[PDB]
Amino acid sequence: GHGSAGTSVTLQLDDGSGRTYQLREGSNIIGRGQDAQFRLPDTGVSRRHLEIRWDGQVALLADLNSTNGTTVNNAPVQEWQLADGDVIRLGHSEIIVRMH
């Protein structure tokens, strides 16, 4: 709703400068494809390389790749739930999660 917002999960992405993308409510699919909602600039990224289901409590982080898969806090996982200040690193793009 508008007026007031709840937990705002902002993905701070090092594109080179440092951009921010806030999670939409629902699942945000990151990768290179038309099958992806958010498209990454570099390559090696699958169509669905990673997806985040954001709901009004926690952000479900799912890594959808094995070889160039994403690490959370530098640890390789398939499934993780986002936390403020966690370090998410994926092929040629690393991102810090900020939860407001």
# chains A, B, ... in the order shown; residues from 1 in each chain; ligands from 1
>>> residues_around(residues="residue 54 of chain A", least_positions_apart="4", cutoff="12 Å", atoms="only C-alpha atoms", output="ChimeraX atom specification")
/A:7-10,22-29,58-62,81-82,99
>>> atom_distance(atom1="atom CA of residue 11 of chain A", atom2="atom CA of residue 97 of chain A")
4.9 Å
>>> residues_around(residues="residue 69 of chain A", least_positions_apart="5", cutoff="7 Å", atoms="only C-alpha atoms", output="VMD selection string")
chain A and resid 63 to 64 90 to 91
>>> atom_distance(atom1="atom CA of residue 88 of chain A", atom2="atom CA of residue 76 of chain A")
9.7 Å
>>> select_by_dssp(residues="chain A", states="strand (DSSP E or B)", output="PyMOL selection string")
chain A and resi 9-14+19-22+26-30+38+50-54+59-63+71-72+75-76+79-81+87-90+93-99
>>> atom_distance(atom1="atom CA of residue 45 of chain A", atom2="atom CA of residue 32 of chain A")
6.1 Å
>>> closest_residue(among="A:33, A:44, A:16, A:6", to="residue 65 of chain A", atoms="only C-alpha atoms")
A:44
>>> closest_residue(among="A:67, A:79, A:35, A:18", to="residue 52 of chain A", atoms="only C-alpha atoms")
A:79
>>> closest_residue(among="A:13, A:50, A:40, A:30", to="residue 80 of chain A", atoms="only C-alpha atoms")
A:50
>>> closest_residue(among="A:57, A:37, A:74, A:4", to="residue 94 of chain A", atoms="only C-alpha atoms")
A:74
>>> closest_residue(among="A:71, A:100, A:1, A:53", to="residue 85 of chain A", atoms="only C-alpha atoms")
A:100
>>> closest_residue(among="A:39, A:92, A:98, A:2", to="residue 20 of chain A", atoms="only C-alpha atoms")
A:98
>>> residues_around(residues="residue 86 of chain A", least_positions_apart="5", cutoff="7 Å", atoms="only C-alpha atoms", output="list in words")
residues 72, 73, 96 and 97 of chain A
